[PDB]
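J.: Dropping the structure in here first, questions after.
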Amino acid sequence: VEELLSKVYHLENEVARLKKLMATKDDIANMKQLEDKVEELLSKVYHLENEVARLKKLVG
Amino acid sequence: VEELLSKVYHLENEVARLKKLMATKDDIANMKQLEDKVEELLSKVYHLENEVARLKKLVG
Amino acid sequence: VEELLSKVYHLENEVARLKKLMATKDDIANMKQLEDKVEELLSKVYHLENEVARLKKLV
């Protein structure tokens with residue numbers, strides 16, 4: 001019982017500490033939209049590069 | 001005591017597991033930094049697309 | 001013994017709540033990939049801005 005009382009006090013402290021620093025699902029709720037925007041940027045930059053390359057040849 | 005011993009044992013395993021699997025507030029800070037970079041990029045790319053369109057018209 | 005079982009009961013409830021609300025390392029596993037792509041995008045957009053400025057001047 002002396003052991004079990006100390007262990008519970010340890011767990012209490014451990015739970016409050018990890019609760020303080022744990023990321024929640026709410027915190028990362030935006031992740032899919034962030035990924036989408038990176039994907040959008042990859043495409044738009046690719047197409048911009050192609051257009052700029054064509055323009056660089058036309059201007060000469 | 002027989003219950004406590006069993007319950008505390010499982011609780012310790014669960015808490016250890018949570019600590020290992022969890023993402024943290026530091027990861028959230030990093031996500032927010034990335035969001036800020038992406039937002040800047042979206043703005044820059046929009047402006048670039050507008051300039052390129054103007055140049056395409058004027059070169060033609 | 002009874003008060004310990006009470007505190008353990010509350011703790012089990014707290015842990016179950018945390019387990020359901022937890023975001024995990026596997027969940028954000030794509031974060032480093034996005035970070036790498038974004039660093040490359042920053043570089044590419046820098047170069048695009050430079051080339052567009054040069055073309056604007058020329059035109």
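By convention here, the chains of the structure tokens are called A, B, ... in the order presented, each chain's residues are numbered starting at 1, and ligands are numbered starting at 1 in the order presented.
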Using only C-alpha atoms, determine which residues of chain B fall within 6 Å of chain A; present them as number ranges by chain.

T.: B: 23-25

J.: Got time to write the residues from that selection, N, CA and C atoms, as a compact mmCIF listing (two decimals), in the first residue's frame?

T.:
# COMPACT_ATOMS: atom_id res chain seq x y z
N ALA B 23 2.03 13.67 -30.22
CA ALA B 23 2.66 14.87 -30.71
C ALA B 23 2.55 15.89 -29.59
N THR B 24 3.33 16.97 -29.67
CA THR B 24 3.40 17.95 -28.58
C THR B 24 3.11 19.38 -29.05
N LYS B 25 3.03 20.30 -28.09
CA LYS B 25 2.84 21.72 -28.38
C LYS B 25 3.97 22.33 -29.23

J.: Do a least-squares overlay of chain B on chain A, C-alpha atoms all paired in order, then report the RMSD in Å.

T.: 1.2 Å

J.: Select residues of chain C: the criterion is any atom within 6 Å of an atom of chain B, counting only C-alpha atoms; output as number ranges by chain.

T.: C: 23-25

J.: Store the residues picked out above in a file with N, CA and C atoms, as an mmCIF file, in the first residue's frame.

T.:
data_model
loop_
_atom_site.group_PDB
_atom_site.id
_atom_site.type_symbol
_atom_site.label_atom_id
_atom_site.label_comp_id
_atom_site.auth_asym_id
_atom_site.auth_seq_id
_atom_site.Cartn_x
_atom_site.Cartn_y
_atom_site.Cartn_z
ATOM 1 N N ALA C 23 -3.474 14.078 -30.220
ATOM 2 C CA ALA C 23 -2.896 14.021 -31.557
ATOM 3 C C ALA C 23 -1.580 13.257 -31.433
ATOM 4 N N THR C 24 -1.252 12.449 -32.438
ATOM 5 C CA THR C 24 -0.115 11.530 -32.361
ATOM 6 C C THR C 24 0.978 11.856 -33.369
ATOM 7 N N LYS C 25 2.153 11.275 -33.155
ATOM 8 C CA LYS C 25 3.277 11.411 -34.079
ATOM 9 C C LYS C 25 2.932 10.910 -35.486
#

J.: CA of residue 18 in chain C and CA of residue 2 in chain B, how far apart in Å?

T.: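 Separation between CA of residue 2 in chain B and CA of residue 18 in chain C: 25.8 Å.
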